[PDB]
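One structure is given here, and the rest of the page talks about it.
Because the Cβ atoms are built from the backbone with ideal geometry, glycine has one as well, and the counts that use them run over all protein chains shown. Each value in this text was obtained by applying a stated rule to the coordinates, not by laboratory testing.
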2 protein chains.
Amino acid sequence: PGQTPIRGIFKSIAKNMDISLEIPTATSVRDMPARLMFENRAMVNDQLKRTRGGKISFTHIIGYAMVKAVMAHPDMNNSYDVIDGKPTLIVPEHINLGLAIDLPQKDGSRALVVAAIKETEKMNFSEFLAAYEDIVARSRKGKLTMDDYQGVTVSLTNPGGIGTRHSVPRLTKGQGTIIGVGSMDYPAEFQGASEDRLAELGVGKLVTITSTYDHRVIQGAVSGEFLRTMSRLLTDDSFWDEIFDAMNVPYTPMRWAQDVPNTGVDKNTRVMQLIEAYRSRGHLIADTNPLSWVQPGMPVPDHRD
Amino acid sequence: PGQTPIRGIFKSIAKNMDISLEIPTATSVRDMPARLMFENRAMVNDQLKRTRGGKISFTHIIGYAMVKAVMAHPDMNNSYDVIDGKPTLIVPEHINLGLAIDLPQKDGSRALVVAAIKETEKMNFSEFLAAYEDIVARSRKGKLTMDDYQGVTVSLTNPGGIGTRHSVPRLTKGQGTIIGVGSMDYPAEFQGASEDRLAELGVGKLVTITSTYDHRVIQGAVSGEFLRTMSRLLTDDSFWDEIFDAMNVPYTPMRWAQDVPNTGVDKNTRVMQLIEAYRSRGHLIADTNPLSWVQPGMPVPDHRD
């Protein structure tokens, strides 16, 4: 008990939160289906354990989707400053994405600091995954420099780790938006139901994503369009084709569709026809060629079956 | 119509909301299952109508859970001040919990003021319930003093009374967090469904809880951990054992579990086996001893049946 002066990294955090009071902010909230993420992530991690690679996370996939969305809506990367006493709009050269990395101090007290993945608008998924894991690696063995903490344009936070549903976070001076990712659980009204009953109805898991922006330079219509593009990408055929291509997954990705009723030809008959198809025609998609080669002259057989 | 100067208690409220602009705040939101509260509250109120006691409310139970959570995460009870021109962290001696009590004035206009339950970290549930009902009693007959309104460390508000789903409230100078409790209804997408269909699926009621905190002294990870502990407590065996012990309820509390499917031995057979168990072995848990005495030498029979 009593009074103690604030010192060190904790004094720096306190001063920056006082400066943040001079930014007028507004937030947008949107909830998105998550089923196709769960399925297609399992297919990539199955391929990597064959080749003694690692895992990919949900933060990797949502992070990459965020970069694609900022390229589609570039107003989200702008900021405000007063230069020679006049109001000014600042348009950067690169998209530099800040991650919220929590590193414990020598004393024991936790202190969050934001490190940057730089020049993200020139990367494919493989390049992006490498750059990400570099920052996380060096942080765990204390080898980040002064340049790693400078030049952030847009930021990403993950309250969903602990299990928070959504947050309204603060925006630090220099940037235009901060994006937050909430929990990927069932809603609380379904948390005591049977797996059988949920499977019958067709109830999926959801993720809630937030956008907190500076209203002097970004308008509300732009922030809404940004969240709509992120929703579309996480259910889109072309998006999941690009990721599978980069990680060398031989199968076609699972596609987004509505549940169909068990009418006409019974679903058991349909599962028996799938077993016959693989026993007859499955050799047409098998890992038999040691080169990644298709002879351009020859015609490709149909394997939609 | 026209312009009228603000006077009295309404002028004091206006001045405090102007001072609140110098606190940088952030909010976290979490939704929690509520079924086990509804069931176990009914068992306590059944015992009290036998002994011509009163009722307990949902605000009593959530209030007590809040005190247990602040003891598990003591950073949530700290505040900020500038003392001799230096930044300072203030760690109090006690947890003093402020209730939002609305008392009408002589004119007729409603005016909310916050009264404090003091030294809450030294109380069991019985002691807590007494202290709470003291403040509410004295407020209704105009016998609160100046000392009742001074020294609040943390606060609780209930927008859910009217039926609001959640709020983003303001934080008054002197404190570090304010907790808000929303509505305990079904979601709006289920408000026109049959009781039969909802019972079949296994759909429960939920409560949404918010945390609004000063970012100069409390970080987001701490606020999320605080809401996770409150969620766990309201479904925990040990928590409900402690409340039942204090209020002298002779039965075991209802426990948290997932709905099981009607397979193998039919559920009707299981209900008939429960009727036989009580008719045979129910005397082993009956209110037959006028003392609260168990002979330590003798062995206790099994009554899990």
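Brief remarks follow.
- Where the alpha-carbon atoms of the protein assembly as shown are placed on the principal axes, they occupy 94, 83, 61 Å, in descending order.
- A:243, A:61, B:162 arranged by Cβ crowding within 10 Å, fewest neighbours leading: B:162, A:61, A:243
- Anchor residue B:86: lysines whose Cα lies under 16 Å away (excluding residues fewer than 8 positions away in-chain): A:11, A:15
- Of the GluC sites (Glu not before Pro) in segment A:91-194, those whose Cβ has at most 16 other Cβ within 10 Å and which sit in DSSP loop: A:93, A:119
- Scanning chain A for DSSP H helices at least 18 Å long along the axis (C-alpha atoms) with a Kyte-Doolittle mean no lower than 0.0 picks out A:58-72, A:125-140, A:220-233.
- Options B:158, B:5, B:269, ranked by Cα towards positive dipole end of chain B, top entry (Cβ charges): B:5
- Average other protein chain Cβ within 10 Å of Cβ, residues B:77-87: 2
- Once the C-beta distance of residue B:168 and residue A:22 is scaled by a Förster radius of 25 Å, the resulting FRET efficiency is 0.80 to the nearest 0.05.
- With the cut-off at under 12 Å, measuring from each backbone N in segment B:2-36 to a point 7 Å along the Cα-to-Cβ line of residue A:259 picks out no residue.
- Per-residue ellipticity at 222 nm, computed for chain B from helices alone with -39500 (n - 2.57) per DSSP H run of at least four residues, works out to -11000 deg cm²/dmol.
- Cleavage-rule hits (trypsin sites (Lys or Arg not before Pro)) in segment A:20-65: DSSP loop, at most 13 neighbouring Cβ within 10 angstrom: A:52, A:55
- Here is the P(r) of segment B:153-305: all C-alpha pair distances, binned every 10 Å from 0, give 7, 21, 27, 21, 16, 7, 0 in whole percents.
- Rule-of-thumb Rg ratio for segment A:186-226 [Cα; 2.2 N^0.38 Å; N residues]: 1.94
- Peptide A:154-165 is shielded by partner chain Cβ atoms: per residue, an average of 4 of them sit within 10 Å of its Cβ.
- Residue B:68/residue B:266 FRET efficiency (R0 30 Å; Cβ-Cβ; nearest 0.05): 0.15
- Förster radius 35 Å - calculated FRET efficiency between residue B:88 and residue B:13 (Cβ-Cβ, nearest 0.05): 0.80
- Descending principal axes extents, chain B, alpha-carbon based, whole Å: 74, 50, 43
- Straight-line cross-link partners of residue B:143 among the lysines, defined as a Cα under 21 Å from its Cα and at least 8 positions apart when in the same chain: B:106, B:118.
- Peptide A:180-188 is shielded by partner chain Cβ atoms: per residue, an average of 3 of them sit within 10 Å of its Cβ.
- DSSP loop chymotrypsin sites (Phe, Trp or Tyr not before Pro) with at most 15 other Cβ within 10 Å excluded, longest remaining stretch of chain A: A:1-250
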